């Protein structure tokens, strides 16, 4: 009974999961938080949170590996999946990790300095601790590589694209891809003759237009900062405004980068929280700035959904996913009502149902476009890629 070890090695943490090869069920999950600081702690699926003083990525993954030994799962690890944040233009699909792949990730690493160097550290660690195990790289950008130049070029001088690689890459590719496949089943659509809009909504939020199985437009850009307004991220912001603030307040680009990434968004407007649950209660309790933050959030999602629809020949489905897209009765209601122009009709009893109801259609029959909620499973999509690449003779 073989298993897959999925690793998301972030800048401050290491998210891991162990999935059974046969059924793709989660058998174990956890997180190693506070990475590189004096206080680094390992936590396993809600159980006892252990500790490690000033531990790096290699020893933290070794701590996780010790726990796989304890539950006799080490010998069963047949495949390892790595989430990589940025794959540049080089990666269009998931790959078996070799010396070539490592070099290529290093080549595109300047495009995401925070995310990617942590991913490489996770690769080296897993390579050290599991040398006889096939390892797979799954990229957040790869699904969006089917974008046409008209859809990925910025209006900048050509030089920036040709010599520096400045262009739209987009993210949540694993999720957008996973949720796309599930939508063809749920909505009984032909993949080769379909038009979908996936609204991945969480702490990070992005929209994707999936035409005939392929991503044709996405809301995030070169960095995860473009598009929708998010938890702490601003989203689409007038550069003229950003330059105006720079002169007026006397702030540098790196100061504003911090503000736009960690002090903005839902947090920025409300002045209260980046968490929707807190903000939803706040609005119910008559908080005005929380109402505005959520309304602006909703408005920018509706705008990007409708905008990405333009890249489709025909709109068959709108799919909600992510922590917010799966669990927010209100946000889904407000977004769909904001898109009445497209002929959407919501079924509120179906929209009331909690996420325990899993893959569910939330639109009424007279609606021109089917609306649904599909719980995203990024770990399953990584595992499925690994299992596929497990049959490959290298």
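Residue numbers count along the first chain shown, from 1.
Just going by the entry, 46 to 54 versus 363 to 371 on mean CA temperature factor gives the higher value to 46 to 54. Averaged over Cα atoms, the B-factor as recorded in the entry is higher for 238 to 246 than for the other of 238 to 246 and 302 to 310. Based on the entry's C-alpha B-factors, the most elevated value among 341, 40, 330, 336 belongs to 40. Among 258, 86, 211, 181, the highest C-alpha B-factor recorded in the PDB entry belongs to 258. In the deposited entry, the Cα temperature factor of residue 159 sits in the middle third of values across the chain's modelled residues. In this PDB entry, residue 71 carries a Cα temperature factor that places it within the highest third of its chain's modelled residues.
The PDB entry assigns residue 131 a C-alpha temperature factor belonging to the highest third of its chain's modelled residues. For residue 217, the recorded CA temperature factor ranks within the lowest third of the chain's modelled residues. Looking at the C-alpha B-factors along this chain, the one for residue 103 belongs to the middle third.
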